[PDB]
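Presented as structure tokens, the chain that follows is alone, the form solved without this ligand.
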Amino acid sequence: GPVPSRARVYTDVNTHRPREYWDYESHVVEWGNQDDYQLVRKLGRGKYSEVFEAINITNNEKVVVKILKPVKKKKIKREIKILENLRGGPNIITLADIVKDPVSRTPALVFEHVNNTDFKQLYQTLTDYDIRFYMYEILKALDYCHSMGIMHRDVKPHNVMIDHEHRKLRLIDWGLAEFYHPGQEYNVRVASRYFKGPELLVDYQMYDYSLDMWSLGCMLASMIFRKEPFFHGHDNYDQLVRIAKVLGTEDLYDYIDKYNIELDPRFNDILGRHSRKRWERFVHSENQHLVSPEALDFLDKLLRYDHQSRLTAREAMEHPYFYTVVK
């Protein structure tokens, strides 16, 4: 069977917590007043909810309302407890209220409003400096939630709200987030395809915070190379092959060999043999101004097969890539 794995940081944070902190199943929701909020515009619809721009008539503040669908239930308490545990943290979206929607008859989460601009349009205009600046801001959020014993598990541009005018950033949609418990096996059906870590793609369940750092790496690669997405799989199997065509197959086998993992035999015919590529390969006249030796070294230390070898969020904040960012 597979070799066990543990996070190299924040390993035991939850074990030293009162049960209440992580025992989300027992959490008692404190309900607010649904009539405080008036829905204004439907923004979108997720797999697990519909999202509205709304107004808090008890102060005329714009808010965001996520009305939860009859989900996996108990997943409701998980997201609520995590939001409450993380509230006030650096660049963590603020849960302002929890009300019972009268029509859906499900909980509706009320969030602070953020005047974001579509990541596509925004990732077209970011300067080198701005990439570094916002990466650092995302790292603050990630080190915070990791330090609080929580992994986000859905890091992607769609879940980073950026108000470019005021240069503020929020990490949102904690619906897939989980408490990290050493030795616990987790569902590998998390994150979005292009941002899935190798551990998910090879069905290794005993993963940790370092999943988020692979995802962050995928974001970084897409930004500095102007390639969206960087690893463009057609499905979850092709996703790993796309990764292997860059990181090489030898280090992939070293990885699965370390954890005594067996690849799905359907990879026999599609994986092939691939050398590790130098990152310079992806540099060209159109993205060169976004690339530096520091950027490439930083990316290289995020995008590692072995989840145990990736930079942690705090280590990432130490990297020379961020020396130019005003703190």
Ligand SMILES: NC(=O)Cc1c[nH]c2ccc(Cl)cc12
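Superpose the two forms; the largest set of C-alphas matching within 1.5 Å is the rigid core. The numbering used is simple: start at 1 and walk along the sequence shown.
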query	finding
Of 139-147 and 156-164, the one with larger mean CA B-factor	156-164
22-30 or 293-301, whichever carries the higher mean Cα B-factor	22-30
Residue of maximum C-alpha B factor among 170, 245, 196, 74, per deposited coordinates	74
Which of 100, 78, 87, 226 ranks first by CA B-factor in the deposited coordinates	100
Third of chain Cα B-factors occupied by residue 175	middle
Third of the chain's Cα B-factor distribution that residue 109 belongs to, per the entry	middle
For residue 126, the third of its chain into which the C-alpha B factor falls	highest
Chain-wide C-alpha B factor ranking for residue 119, given as lowest, middle or highest third	highest
Record-listed C-alpha B factor of residue 15: chain third	highest
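Same protein, other form: the form solved in complex with this ligand, not shown, and the subject of what follows.
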{"query": "Listed residue that, although this ligand is not shown, lies within 4.5 Å of it in the bound PDB entry (heavy atoms), from 150, 142, 172, 247", "finding": "172"}
{"query": "Listed residue (261, 67, 291, 302) with a non-hydrogen atom within 4.5 angstroms of this ligand in the bound PDB entry", "finding": "67"}
{"query": "Partner contact for residue 37 in the bound PDB entry: this ligand, 4.5 angstroms, heavy atom", "finding": "yes"}
{"query": "Contact test in the bound PDB entry: residue 51 vs this ligand, heavy atoms, 4.5 Å", "finding": "yes"}
{"query": "Residue 108: touches this ligand in the bound PDB entry, heavy atom cutoff 4.5 angstroms", "finding": "yes"}
{"query": "This ligand contact at residue 252 in the bound PDB entry, heavy atom, 4.5 Å", "finding": "no"}
{"query": "Triplet 278, 316 and 325 all within 4.5 Å of this ligand in the bound PDB entry via a heavy atom", "finding": "no"}
{"query": "Answer among 123, 237, 194, 133 for the CA shift between the shown form and the other one that reaches 2 Å or more, rigid core superposed", "finding": "123"}
{"query": "Core-superposed comparison between the shown form and the other one, residue 205 Cα displacement 2 Å or beyond", "finding": "no"}
{"query": "CA of residue 184, rigid core aligned, shift of 2 Å or more between the shown form and the other one", "finding": "no"}
